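The chain below stands alone and is given as structure tokens, in the form deposited in one PDB entry.
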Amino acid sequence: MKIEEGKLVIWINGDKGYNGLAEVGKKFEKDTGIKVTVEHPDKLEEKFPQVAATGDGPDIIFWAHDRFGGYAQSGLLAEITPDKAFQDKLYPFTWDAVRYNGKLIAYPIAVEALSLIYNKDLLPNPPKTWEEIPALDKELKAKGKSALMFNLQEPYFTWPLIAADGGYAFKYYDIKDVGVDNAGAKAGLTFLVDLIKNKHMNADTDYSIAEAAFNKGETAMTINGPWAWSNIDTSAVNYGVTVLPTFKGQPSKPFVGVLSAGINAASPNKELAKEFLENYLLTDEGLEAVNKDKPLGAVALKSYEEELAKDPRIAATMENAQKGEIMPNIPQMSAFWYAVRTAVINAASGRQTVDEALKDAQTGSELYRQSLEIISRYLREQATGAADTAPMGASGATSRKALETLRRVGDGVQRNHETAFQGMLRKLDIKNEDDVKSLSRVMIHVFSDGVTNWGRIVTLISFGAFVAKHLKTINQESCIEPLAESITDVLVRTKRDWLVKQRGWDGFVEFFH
């Protein structure tokens, strides 16, 4: 099994206090003889699910809590079971952030929210509104400075503004209700785009560029989290940390993250990982070592948070946090961020209009759920002979028309392939939920081998329906939902970009109209 026993490998993002974490690791080694390696791989949040699915990767992964539901759904995390006395050492709301399907899937570390960071020597009174920024930038440009620079390549940083006037990810979670392309989101992202068009900001600005400009005194404000304050301390900029500006009179609403540590389900060192996280890291001295390297924010550990809470920068962080919302941890968060990242980048660069960009983001964010709705309904009605009577939601005319198209087209595909499907089904031993796991390997492989088009997607789904009929016949109707989920995963994981390019299921209805 790929992960080595008797050592701990930890992954944490490169903007965090990884040298402090490695000090905690040295302490552990001194008491236990177990060496701890801390690494900060690029794109770790994307790499983890790839490697862990093979039984490889780090023993411990640190990331905000939003990615952890996806990893837990995929079976990539160990359930953690801290006892009552340990649970009571942390804030309950930090535990809530790492609860998925009623199980704790990670240890919470610290609460992170973005704030407005400003240079007090350039801007003694920071703007209370977004709307006053253009005028401020004009005033600053006369003196060779700019008003505001922040990372436009990661949507986390633009989210507070998108959300201010009513953008939202998933309504509180109703995965059916997505608010990425509503009027509020459009208003916020249009304001950003106008800043860029009026040369108050540059579309190419990334994390490093914005940090460098702020810490060199070139720009009067940035938007960043507590991890950033160490580099600003070293630069000797006189800075303040404050509430984000309002937009259309309403607060900026940052997405609040709880930095959390999960244990790899494939680790043979789970007991050492638990001992390290509970008895070395989540202690006053452990968190202090980390926080001294790069500030964590509002830590989850009550004893130590009471000391940090007196710092005005933490107060500001918590003020922004209360105006914001805790991120969801559901599995489609990954897709939501991918869609939104592209929409912001393309709207900023002018490759797409705001309307265009947010439409595509809404399609991408809704794709898994919409696909599972169609596929699960078609498989279940095929298997049983009766349609599901529940409505689709308020966003569900697309689901409905896609199901109707699928019935029409799929009737013929199953009819014409009945002999071939009967043959393929016989080769396979599909008798219970264990077997369906295997099918995913087969179905991915077979599906990916050929060309990408709607006809072949209909054939994949049609075979799924043929299997569902068989499942029902042998009293394994409970396997139909897992089959539908597995087909949906295959389809959206391998064809997401192609699907969004087609306008999702509306494209399907169009192709076969």
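Take the two forms, find the largest set of C-alpha atoms that superpose within 1.5 Å, and that set is the rigid core. Throughout, we count residues from 1 along the sequence that is shown.
Chemist: If you count the residues of the deposited sequence that sit between residue 93 and residue 94 but have no coordinates, do you get none, 1 to 3, 4 to 9, or 10 or more?
Modeler: In the deposited sequence, nothing is left without coordinates between these two.
Chemist: Given the B-factors recorded for C-alpha atoms, which segment has the greater mean, 309-317 or 370-378?
Modeler: Higher of the two, by average CA B-factor, is 309-317.
Chemist: Taking the recorded C-alpha temperature factors, which stretch has the higher mean, 177-185 or 149-157?
Modeler: On average, C-alpha B-factors are higher across 177-185.
Chemist: Just to confirm, going by the entry's C-alpha B-factors, which of 341, 120, 253, 408 comes out highest?
Modeler: That would be 408.
Chemist: Can you tell me which of 100, 276, 337, 130 has the maximum CA B-factor listed in the PDB entry?
Modeler: In the PDB entry, the greatest C-alpha B-factor among 100, 276, 337, 130 is found at 100.
Chemist: Should residue 22 be placed in the lowest, middle or highest third of its chain by the C-alpha B factor in the entry?
Modeler: According to the entry, residue 22 has a C-alpha B-factor in the chain's middle third.
Chemist: Based on the deposited C-alpha B factors for this chain, I'd like to know if residue 63 is in the lowest, middle or highest third.
Modeler: Residue 63: CA B-factor falls in the lowest third of its chain.
Chemist: Rank-wise, by C-alpha B-factor, drop residue 286 into the lowest, middle or highest third of its chain.
Modeler: Middle third - that is where residue 286 ends up once the chain's C-alpha B-factors are sorted.
Chemist: Could you tell me which third, lowest, middle or highest, the C-alpha B-factor of residue 451 occupies within its chain?
Modeler: It falls in the top third of the chain.
Chemist: Taking the C-alpha B-factors as the PDB entry records them, is residue 459 in the lowest, middle or highest third of its chain?
Modeler: Residue 459: CA B-factor falls in the middle third of its chain.
What comes next is about the form deposited in another entry, which is not displayed.
Chemist: Would you mind telling me which residue of 31, 449, 46, 42 shifts its Cα by 2 Å or more between this form and the one not shown when the core is superposed?
Modeler: Going through each option, the one that shifts is 449.
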